[PDB]
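Structural features, examined
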2 protein chains.
Amino acid sequence: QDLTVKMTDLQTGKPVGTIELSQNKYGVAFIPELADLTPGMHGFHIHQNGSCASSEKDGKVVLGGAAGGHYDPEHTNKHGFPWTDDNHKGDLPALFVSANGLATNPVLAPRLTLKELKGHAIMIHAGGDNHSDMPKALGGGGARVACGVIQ
Amino acid sequence: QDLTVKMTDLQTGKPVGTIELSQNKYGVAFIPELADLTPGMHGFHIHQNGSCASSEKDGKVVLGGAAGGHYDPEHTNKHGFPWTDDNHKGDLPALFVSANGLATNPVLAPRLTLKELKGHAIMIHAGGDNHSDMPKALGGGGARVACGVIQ
Ligand SMILES: [Cu+2]
Ligand SMILES: [Cu+2]
Ligand SMILES: [Zn+2]
Ligand SMILES: [Zn+2]
């Protein structure tokens, strides 16, 4: 009754660590133990599909595209904050990566429950997340760099 | 009915921006608009006293020492996570500062209410915060670098 989530770099295919998910009275805490990531803030969201495989868009390969879009059980069709309801329930606070490329700063998602997460995918993006679709869609996270399927 | 919190650098005495505090159904969101800070993660907590003045400890000057310790209304006498109850209610998630010395990443404190915050002080530390008293007390935040009194 622990279940940790192994994360794999989409570009190299090599493991980069794990993320521990735990339920508490305020939501789901995400405890990262990752490495080999670019320093800075990274878009971090739960995705619709339980897959980290690639997808295809107009002839281009989309790493981790098989995961689909941001988990949106309320069909909000919008990207926002982890503490706002009119947006993807999968929107989490951005994940911090140290100069040494390590991510260890835990983060909380008050709108989520652990049970509803299994079968979905955990995504880490190259860009950050300003929790808006402006000026860039999906908080500007851009490409997907790391992914893992919540079992 | 807005009330923003002006932050001042303890070492220079010059303003470094403001932090907006807002109440939502999941807690108090802290929206920073700061500058001139050292890149990286910084300990960020609500303090007991409503003052940012200095204090004195065994002959040494403690900038922002007049603010007292971490806000601890339940007398836990312990430092922990923003989503754990047996520790300072004033323990917030660490604040991120970009390479350009700017802090704009909002953060949420699920255990706090806006009303209980007025009259207290907002503190930003030099070191980070691993949300434990080990290996260093108070999450290793160390010295106080920026402070503001919640009006
Ligand atoms: Cu994503
Ligand atoms: Cu503090
Ligand atoms: Zn989203
Ligand atoms: Zn504390």
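By the method listed in its record, X-ray crystallography, this PDB entry was determined to a resolution of 2.0 Å.

**Some thoughts on the side chain of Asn87(A)**
All names here are of chain A. Mapped onto the elements, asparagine 87 comes out in the loop between β7 (60–62) and β8 (95–97). Residue class for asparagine 87 comes out buried when judged on its relative accessible area of 5%. Within the structure, the side chain of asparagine 87 is placed 2.7 Å from the side chain of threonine 84, a separation counted as a polar contact. If we ignore the near neighbours within four places in the chain, the residues touching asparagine 87 are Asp72, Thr76, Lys78, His79, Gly80, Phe81 and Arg111.

**A few points about the relation of the copies chain B and chain A**
Rotating chain B by 180° and translating it 0.0 Å along the rotation axis places it on chain A, where the RMSD comes to 0.0 Å. Both copies are brought into coincidence by an operation consistent with a two-fold rotation axis. An overlap of 100% is found between the interface residues of chain B and their copies at the interface of chain A, pointing to a shared contact surface.

**So, the packing of aromatic side chains**
Taken as a whole, this structure holds 5 aromatic pairs over all chains when the rule is applied. For the ring pair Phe96(A) and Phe96(B), a centre distance of 5.2 Å and an interplane angle of 55° mean the geometry is tilted. With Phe96(A) in strand β8 and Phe96(B) in strand β8 (residues 95–97), this pair bridges two chains. As far as burial versus exposure is concerned, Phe96(A) and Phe96(B) are alike and both buried.

Conventions we followed
Residues numbered from 1 in each chain as written, not as in the entry; some residues may be left out. Chains lettered and ligands numbered in written order. Heavy atoms only, no water. Helix = DSSP H or I, 4+ residues; strand = E, 2+ residues; numbered from the N terminus. Buried < 20%, exposed > 50% of the residue type's maximum accessible area, 1.4 Å probe, protein only. Polar contact = N/O pair within 3.5 Å; in protein donor to acceptor, adjacent residues only side chain to side chain. Contact = heavy atoms within 4.5 Å. Least-squares fit on C-alpha atoms. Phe/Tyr/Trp six-rings, centres within 6.5 Å; stacked < 30°, edge-to-face > 60°.

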